[PDB]
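A quick write-up on the structure given underneath.
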Amino acid sequence: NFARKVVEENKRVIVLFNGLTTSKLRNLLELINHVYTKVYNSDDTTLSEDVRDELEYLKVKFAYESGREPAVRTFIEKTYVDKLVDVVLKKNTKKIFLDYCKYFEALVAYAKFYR
Amino acid sequence: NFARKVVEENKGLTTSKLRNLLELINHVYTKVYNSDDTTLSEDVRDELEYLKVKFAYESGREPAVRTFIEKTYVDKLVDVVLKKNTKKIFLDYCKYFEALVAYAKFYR
Amino acid sequence: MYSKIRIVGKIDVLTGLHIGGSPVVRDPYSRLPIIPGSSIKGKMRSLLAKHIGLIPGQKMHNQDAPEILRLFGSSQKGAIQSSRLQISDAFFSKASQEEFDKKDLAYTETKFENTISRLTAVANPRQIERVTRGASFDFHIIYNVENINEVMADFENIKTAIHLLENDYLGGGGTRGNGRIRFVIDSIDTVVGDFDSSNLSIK
Amino acid sequence: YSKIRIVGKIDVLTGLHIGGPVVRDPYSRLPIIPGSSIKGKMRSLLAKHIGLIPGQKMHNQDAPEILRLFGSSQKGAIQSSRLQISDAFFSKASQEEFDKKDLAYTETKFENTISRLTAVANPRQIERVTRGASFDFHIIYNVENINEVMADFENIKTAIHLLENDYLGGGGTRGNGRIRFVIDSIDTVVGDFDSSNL
Amino acid sequence: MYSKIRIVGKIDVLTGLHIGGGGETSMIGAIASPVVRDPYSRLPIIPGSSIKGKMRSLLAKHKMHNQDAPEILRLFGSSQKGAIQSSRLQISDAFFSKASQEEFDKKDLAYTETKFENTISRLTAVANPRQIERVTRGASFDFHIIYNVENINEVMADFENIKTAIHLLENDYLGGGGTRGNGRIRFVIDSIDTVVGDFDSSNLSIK
RNA sequence: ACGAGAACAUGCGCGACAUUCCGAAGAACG
RNA sequence: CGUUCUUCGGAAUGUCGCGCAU
């Protein structure tokens, strides 16, 4: 889908997203994995308040990691990850967040695949 | 919260002073971690009272710190933690301070 | 008159309990950790079989002592014995669920570990998911009274197995700290039959 | 088949660091010494005390005493472990001693990391348990050969003597984690084994 | 035989020793340079990290740390990828000795004293006050290090290097600053024994 | 007065063994 | 008074992966 297109567009000779690796993404992907587990536990059509706050914190973490790492900033701007966080936050639905997590999972999967 | 809009609108406030003030929040944060109470602790209350005293002297030390405090309403949020008397609200305030430090780093 | 003695209680994990399946085994409908009943049954059977004694050069689980084969079951050709013990899956208790919802605990922990290879003096990171220490699982076992005369010896063997299991661990990396558990028996009554189990106890 | 319990205390002579920010028991937020940390450190120290063959990549080719005590996974020679080290939790006595004083369970240590060729410091902030905090440790030993119980407890004593003089995790090289062992009672919790001489 | 040689001795500070540590202090006054203090007994301590780092840097003088000399790379350890080496020196925190604590309790001498300094620019001639917490000159710290005997032949050379390093630490400063004269230190040896193994350290000494 | 009638895909079996969150790192500068 | 304000590696690995009754 979109994830395959962006990973193919960002591939370079193998250099992905200006030198992005799984180790650089590991902190954020672990945070997003924590977010997912809380959503998996939740049984409510609407996102909780706590998950909304920590998704805002995930947005803050995206900004911080992008500021520290040029590769993560390139990944965020090319893959629209932060904007998608804002989109799911304003939509406030569990299924949309699960779709966004699926999108990130596809991103990392194809990144490893072309690695 | 609204850290992004304020930090973008206001973009000699140096990251050094922010990091010192963040360290003072860190010290209160360790205390609230040791507290482990839903209600606001009295020792934590003393910690945040001396924190606002330290906010005042900082303002006296550097005008740039004062502009940051008045524009970000950190002192007003401290008043909010007192007028609410909970630990969840304090943890929210600590995150907001951290967000201001992060956004400041990002826009820098 | 068929006699079934229901023994209900709790398993309090004195240390992190990791029954794999590194995700723990979870009940998909509730997505909460459980103790598989086969884990309790296998650990109890192994401990009690070692305590009673292992037939030298043993190969199968139908060669244990007749005490073990009666209570834990036998599938030997011709000599098939029904299993007295029916150890159900132990589900995460509601009380510990509330106590974990307070303090915002996750009901699980991801213990970080490593192994230092002798040749390289290098460490290989490893994450093991464990149930937190506070958790308690409500366990429910059923005893079938095939022989009324053997109930007392069987409950002595059950007590021995439980006592060994408390000083041992439930499934996981026990030798490295995981899996320590403690049984707290809440009730022992005959759900079915005229049997008088009021004089019985396993812990 | 008897089980003998070795319950006692571990008191930190210096700050104890075991990464996970020290690892804490989530239920009570108190720092703990993982049983795996003690087991690994004792096994490594004892295997160093006994000879080591030049190549032990498999981690299972080692002295037969080590394999008998701590367990083995060699295919066709799977030996069950007799030692079962368990997480040392924060002792209630030490908890109340720290609660009476205005003292935190952990501390933060600040270190410079001065890169000598560039003469620039890179500060780091470590959390480590303050000295004087005690963790109650609990071990179970399963006797399998009554003939080898004396040798196995000799090896356990040697390992504990090594560990008491060594560190337990963290920058022990920089001086974090030195501990002392105080064994209280060694009694056979299951079986007819006698533990008077242990 | 994995022999371990324990060295226990005293460290007496000839000048105020300042070793900083971040944190919060109740009723924190104008002073903003508090010396590192052991939380349990509220006494100044020297972190084994400081001693190890100072001795290693002095020995290296005499891009990364791992590129140093093999002797420095063996005593104090290594982390080169693939060629990871264990560390034979394990320096621990030198806590406040009971003898010095009693000597201070006699006369009620303060453990740590606050010193006033300033830096002035000639063009403006305006001073900036500074208050620094320095451990008083009479204090002594009991240090305890462990040398792991992994190679039998190299122990004598390692202890010669440690003795040189101990002399370098004495000659040079520790903690706050040499140009200021803060942190002068002296090392006296109480007992050097091979606590573990068949090794003997009757002739082995670090001074 | 149904190619029909009566007949548990059931019995036994621990997701387990080996595993150090560790290797190095001065709160330092004039 | 200011400076850096944690960073550099390893992130699981090896095995069993159905067997025994009808």
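Condition check ((1) in contact with a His (Cβ under 7 Å, 6 or more places away or on another chain); (2) hydrophobic (A, V, I, L, M, F, W, C); (3) surrounded by fewer than 17 Cβ atoms within 10 Å (Cβ to Cβ)) across all residues:
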residue	(1), (2), (3)
D:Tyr1	yes, no, no
D:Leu13	no, yes, no
D:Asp25	no, no, no
D:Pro31	no, no, no
D:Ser44	no, no, no
D:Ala47	no, yes, no
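Considering (1) under 18 Å from D:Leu13 (Cβ atoms); (2) more than 16 Å from RNA strand F (Cβ to nearest atom); (3) in contact with a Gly (Cβ under 6 Å, 6 or more places away or on another chain); (4) not β-branched (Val, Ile, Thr), the lone condition that D:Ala93 does not fulfil carries the number (3).
Looking only at region D:52-86, residues that are closer than 20 Å to D:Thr158 by Cα, among the small types (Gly, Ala, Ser) and facing chain C (nearest Cβ under 7 Å) come to 3 in all. The single condition among (1) in a loop (DSSP other than H, G, I, E, B); (2) more than 9 Å from chain D (Cβ to nearest Cβ) that E:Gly9 does not satisfy is (1). With respect to C:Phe100, is the statement that it is more than 9 Å from every other protein chain (Cβ to nearest Cβ), away from RNA strand F (no atom under 14 Å from the Cβ) and at negative phi true? When the stated conditions are applied, C:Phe100 does not pass them. Can we say C:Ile87 is within 11 Å of RNA strand G (Cβ to nearest atom) and of a type in the set (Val, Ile, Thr)? Against the criterion (within 11 Å of RNA strand G (Cβ to nearest atom) and of a type in the set (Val, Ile, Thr)), C:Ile87 does not qualify. Taking the conditions (1) assigned to a strand (DSSP E or B); (2) polar (S, T, N, Q); (3) buried (at least 17 other Cβ atoms within 10 Å of the Cβ) in turn, D:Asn176 satisfies each one other than (1). Looking across region D:118-132, just one residue is near RNA strand G (Cβ under 6 Å from one of its atoms) and among the β-branched types (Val, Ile, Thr), and that is D:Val120. Cβ-Cβ contacts under 8 Å between residues 6 or more apart (or on different chains), taken from a first residue in region E:20-37 that is away from every other protein chain (no Cβ under 11 Å) to a second residue that is part of a loop (DSSP other than H, G, I, E, B) and among the charged types (D, E, K, R), are absent.
Could we say that C:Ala49 is out of contact with any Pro (no Cβ under 6 Å at 6 or more places or on another chain), of a type in the set (A, V, I, L, M) and within 16 Å of RNA strand G (Cβ to nearest atom) here? Taking the combined requirement at face value, the residue satisfies it. Only a single criterion out of (1) away from RNA strand G (no atom under 16 Å from the Cβ); (2) among the basic types (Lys, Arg); (3) out of contact with any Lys or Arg (no Cβ under 8 Å at 6 or more places or on another chain) is not satisfied by E:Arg74, namely (3).
Looking at region B:29-71, which of the residues that are loosely packed, with under 14 Cβ neighbours inside 10 Å and not in a helix (DSSP H, G or I) is nearest to the other protein chains (Cβ to nearest Cβ)? Once the filter is applied, the top-ranked residue is B:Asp36. Residue pairs whose Cβ atoms lie under 8 Å apart, separated by 6 or more positions or on different chains, with the first residue in region D:109-127 and facing chain E (nearest Cβ under 9 Å) and assigned to a strand (DSSP E or B) and the second within 6 Å of RNA strand F (Cβ to nearest atom) and of a type in the set (A, V, I, L, M), are D:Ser115/D:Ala121. Pairs meeting the criteria (first residue in region B:79-108 and at positive phi, second residue buried (at least 16 other Cβ atoms within 10 Å of the Cβ), beta carbons under 9 Å, at least 6 apart or on different chains) are B:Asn85/B:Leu40.
Positions of Cβ are backbone-derived with ideal geometry, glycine not excepted, and every protein chain shown enters the neighbour counts. Only the coordinates and a few stated rules stand behind these numbers; no lab work does.
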